[PDB]
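All of this is worked out from the model, or read from it or from the source named; no laboratory instrument gave them. Backbone-built Cβ (ideal geometry, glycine too); neighbour counts: all protein chains shown.
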Amino acid sequence: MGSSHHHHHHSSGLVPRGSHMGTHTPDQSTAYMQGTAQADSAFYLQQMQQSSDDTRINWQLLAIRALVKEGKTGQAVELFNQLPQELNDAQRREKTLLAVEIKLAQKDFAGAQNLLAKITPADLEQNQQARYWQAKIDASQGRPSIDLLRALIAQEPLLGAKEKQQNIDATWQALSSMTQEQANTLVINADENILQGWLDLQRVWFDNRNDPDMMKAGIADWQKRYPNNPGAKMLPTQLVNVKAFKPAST
């Protein structure tokens with residue numbers, strides 16, 4: 001026989017990622033982060049183990065995200081363990097997004113906001129805001145506090161006028177449950193448009209629900225004050241509950 005290339009041969013030749021992959025922006029990996037591409041945690045997981053260092057985590061941005069949507073939290077956690085604690089400033093956010101949807105399944109809702117607090121939406125992707133926000137609202141389960149309004153308002157630009165009704169409602173789901181004083185003690189954003197604005201409406205609501213002539217008018221009042229506010233273009237049902245309210249003399 002001739003000598004071709006016969007040497008040690010443990011396996012066919014599995015080449016592991018000894019590289020961290022250069023910093024080039026993804027094509028699919030972010031598509032699923034956009035909602036422009038669809039796949040399972042399984043895919044995000046399937047590539048993760050096959051991918052390079054920062055790409056493992058990069059794929060896990062999706063993987064964990066998806067996994068805890070699926071409901072599997074500790075499954076999301078175990079590979080959450082896999083992603084870095086200390087990324088770049090924006091990439092930090094990208095994994096911390098996951099931490100939230102994890103906590104949300106852990107009923108660590110407080111811890112979820114805790115992570116949401118580390119993240120900056122004005123920093124991440126517009127859509128990764130919404131991904132982040134949907135984890136925020138979830139942490140604000142109807143928890144009468146600003147971070148609810150802060151959150152669904154926050155996704156309002158990201159979403160639709162069809163999701164707005166939702167936003168509008170979940171926002172009001174703070175205002176109607178939140179207190180004037182709470183509302184008055186809240187912490188608003190940088191935009192500081194919609195958030196405190198929303199409250200003005202509950203301010204009138206807190207007094208006016210069962211006082212129709214001023215409630216609906218107070219509604220139509222606030223909406224003038226903050227037309228900018230999603231609610232001022234379409235108003236929630238709980239203030240609308242003046243319509244829906246008791247007998248109104250006419």
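Being in a helix (DSSP H, G or I), among the β-branched types (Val, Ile, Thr) and assigned by CATH to the domain that holds residue 203 is the filter here, so list the residues in the stretch 134-187 that pass it. Listed by number, the residues that qualify are 146, 153, 168, 171.
Here 155, 141, 128 are screened, and the one residue that is closer than 20 Å to residue 31 by Cα and touching a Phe, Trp or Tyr at 6+ places or on another chain (Cβ under 7 Å) is 155. Tallying residues that are surrounded by fewer than 24 Cβ atoms within 10 Å (Cβ to Cβ), under 17 Å from the mean Cα position of the chain (by Cα) and of a type in the set (A, V, I, L, M) within the stretch 166-187 yields 1.
Count of the stretch 140-165 residues, restricted to those that are touching a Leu at 6+ places or on another chain (Cβ under 9 Å), surrounded by fewer than 24 Cβ atoms within 10 Å (Cβ to Cβ) and under 17 Å from residue 101 (Cα atoms), is 3. In the stretch 18-33, the residues that are under 17 Å from residue 90 (Cα atoms) form Cβ pairs under 7 Å with partners that are surrounded by 10 or more Cβ atoms within 10 Å (Cβ to Cβ) and of a type in the set (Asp, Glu), at six or more places apart or across chains, as follows: 33/125.
Does residue 84 meet the test of being in the same structural domain as residue 49 (by CATH), in contact with a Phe, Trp or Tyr (Cβ under 6 Å, 6 or more places away or on another chain) and not charged (D, E, K, R)? So residue 84 does not fit the description; no.
Every listed requirement among (1) more than 12 Å from the chain's Cα centre (by Cα); (2) among the polar types (S, T, N, Q); (3) over 30 Å from residue 181 (Cα atoms) is met by residue 126 save one, (1). Within the stretch 114-125, residues that are under 13 Å from residue 92 (Cβ atoms) reach partners that are assigned to a loop (DSSP other than H, G, I, E, B) with beta carbons closer than 7 Å, at six or more positions or on different chains, in the pairs 116/135. The sole residue among 73, 55 that is crowded, with 16+ Cβ neighbours inside 10 Å, under 17 Å from residue 132 (Cα atoms) and of a type in the set (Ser, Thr, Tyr) is 73. Just give me the residues in the stretch 83-105 being buried (at least 16 other Cβ atoms within 10 Å of the Cβ) and part of a loop (DSSP other than H, G, I, E, B), in sequence order. 83, 87, 104, 105 - these are the residues of the stretch 83-105 that are buried (at least 16 other Cβ atoms within 10 Å of the Cβ) and part of a loop (DSSP other than H, G, I, E, B).
Across the stretch 212-243, the number of residues qualifying as without any contact (Cβ under 8 Å) to a residue 24 or more places away in the chain, in a loop (DSSP other than H, G, I, E, B) and over 31 Å from the mean Cα position of the chain (by Cα) comes to 0. Taken over the stretch 21-48, the residue count meeting the criterion of being surrounded by 13 or more Cβ atoms within 10 Å (Cβ to Cβ) and part of a loop (DSSP other than H, G, I, E, B) is 8.
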